[PDB]
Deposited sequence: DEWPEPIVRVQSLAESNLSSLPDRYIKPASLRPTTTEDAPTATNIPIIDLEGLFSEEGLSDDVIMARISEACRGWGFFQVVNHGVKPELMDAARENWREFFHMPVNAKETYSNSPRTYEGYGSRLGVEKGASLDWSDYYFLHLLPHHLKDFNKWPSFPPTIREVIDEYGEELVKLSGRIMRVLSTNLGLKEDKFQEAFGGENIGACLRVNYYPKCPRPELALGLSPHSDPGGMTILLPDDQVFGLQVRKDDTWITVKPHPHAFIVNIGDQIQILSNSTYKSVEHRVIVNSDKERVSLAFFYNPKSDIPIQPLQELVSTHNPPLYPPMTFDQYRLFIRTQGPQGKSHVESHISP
């Protein structure tokens, strides 16, 4: 219900001209900090691409899609509307301050540990589905178009997710609607988190967002179209992702890794910052209905591939990152049954 300490808005620090980086934002030396990602042309519906998509989801846990049915002007309007929101004076969003029991609104940290290291970012969080959680009053207000751009952007990415779910299912040799079934059909969950990474006086000591995999089903990520910062990890190597114009990055989430009995892997990512420019990225979360007990699909279980995770609802699961904040992939790996 409350934070262990008052919230410092990272924008307030960058708007000062601090000579140093506060120790709360200095990461251990062990964890202190752009390559092309092959793109998938989506208006192609059993191609070589189906092998590539499945190859990406199994070894990397992410892929980049172009020609996906979302308007490029809508993609940019979503970014610039949110960028305008974060360019507002800090005290203009303070009334939207979020709290740890729903996290909805204007936030600057994730987790409730009092001494915990912090990330160099502010963010906004809101729900889109289910409808009893959707509330325009908990949305921003200043950019007069922002709520209409959020609603349509959310509508378009819900549609895109349903189509992506069909490719993910088929690539596992399942009925093309098996994932949509496991998530709860049409009453799935959809939320949005927009991340603001202001300039950082010593970015080689800081992280815009510490390592983690997304707890939910899949993430549709719209990274900043101008500034690099997103990094994915492949076998202890942190690789900076060069964004492709008006493409999305599709992230396998923790919930799909569990459903695929670890055939699909959830990507581990982090954000680096820099001293000279900011970043704005949009994270759309497509999640299973939160009271459905999630477990490895029975279709993928043999006696030599037994189910690797016990059942757990997404309501129970999401509290791990809500209480601890980013902890890499230790949340899902501590979920592997003994």
Notebook entry, point to check: If you line up the deposited sequence with the model, which stretches have no C-alpha coordinates?
Noted result: 34 to 41, 54 to 60
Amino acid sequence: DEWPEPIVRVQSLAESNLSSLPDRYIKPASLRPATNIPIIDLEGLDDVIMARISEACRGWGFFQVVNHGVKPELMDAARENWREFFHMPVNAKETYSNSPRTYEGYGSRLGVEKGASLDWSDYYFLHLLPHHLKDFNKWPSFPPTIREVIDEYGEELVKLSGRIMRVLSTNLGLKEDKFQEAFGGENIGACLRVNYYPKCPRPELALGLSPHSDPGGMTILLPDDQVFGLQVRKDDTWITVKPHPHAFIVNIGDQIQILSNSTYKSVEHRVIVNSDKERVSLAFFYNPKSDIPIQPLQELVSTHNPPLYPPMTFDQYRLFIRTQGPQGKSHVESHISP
From here on, numbers count along this sequence of modelled residues.
Checklist line | Greater mean Cα temperature factor according to the PDB record, 312 to 320 or 11 to 19 | finding: 11 to 19
Note to self: Quick check: 85 to 93 versus 241 to 249, which has the larger average CA B-factor in the record?
What the structure shows: 85 to 93
Note to self: Per the entry's Cα B factor values, which of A56, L31, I272, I26 stands out as the maximum?
What the structure shows: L31
Check: Out of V158, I188, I258, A78, which shows the largest CA B-factor listed in the entry?
Finding: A78
Checklist line | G44 by Cα B-factor - lowest, middle or highest third of the modelled chain | finding: highest
Check: Within this chain, which third does the Cα B-factor at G216 fall in: lowest, middle or highest?
Finding: lowest
Checklist line | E268 - which third its CA temperature factor falls in, relative to the rest of the chain | finding: lowest
Notebook entry, point to check: Against its chain's modelled residues, does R52's Cα B factor rank lowest, middle or highest third?
Noted result: highest
Next item on the list: Please rank the C-alpha B-factors of the chain's modelled residues and tell me whether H304 sits in the lowest, middle or highest third.
Entry: highest
